[PDB]
């Protein structure tokens, strides 16, 4: 097994090669990091399970209750989500669409995805990643795997924020 430091560095490398933005911050720095990532385009879709402390005044928060129309999603500047697990070897982020991630449309239609990944959600191998989401699969939850590897198609911009 790789060390945690090597895993973090590997994940970073793979996310950067994907063409995504990447930053690793402390919990205290997180709200600022998200704010910084949004810049002056602050119309951000926020799934119900995103912790309040991540959010900051000046965000134009869109909520998905009632569900945002395709047009509302397309007009949003960004979507902010957590994830289920991330895999360092392939720079993969897996969503299982729990409350901090929202339904599939929220990370498909908007053009800029800000995805917050806790340091402890990053595993080295695909095998471990699948183990982490096995229960979600058994529950019938959908999974979306977004990968750098070893808009029309989805968000053309991705910011990954590792925290902790």
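Residue numbers count along the first chain shown, from 1.
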Item to check | Sequence continuity check, residue 150 and residue 151 (deposited residues unmodelled) | outcome: 10 or more
Item to check | Which of 93-101 and 51-59 has higher mean CA B factor, as the PDB entry lists it | outcome: 51-59
Checklist entry - With respect to the C-alpha temperature factors reported in the PDB entry, which of 137, 116, 41, 45 ranks highest? => result 41
Item to check | Relative C-alpha B-factor of residue 110, binned into the chain's lowest, middle or highest third | outcome: lowest
Item to check | residue 133 - which third its CA temperature factor falls in, relative to the rest of the chain | outcome: highest
Item to check | Third of the chain, ranked by Cα B-factor, where residue 85 sits | outcome: lowest
Checklist entry - C-alpha B factor of residue 28, ranked within the chain: lowest, middle or highest third? => result highest
Next on the checklist: Using the temperature factors of the C-alpha atoms in this entry, rank residue 21 within its chain: lowest, middle or highest third.
Outcome noted: middle
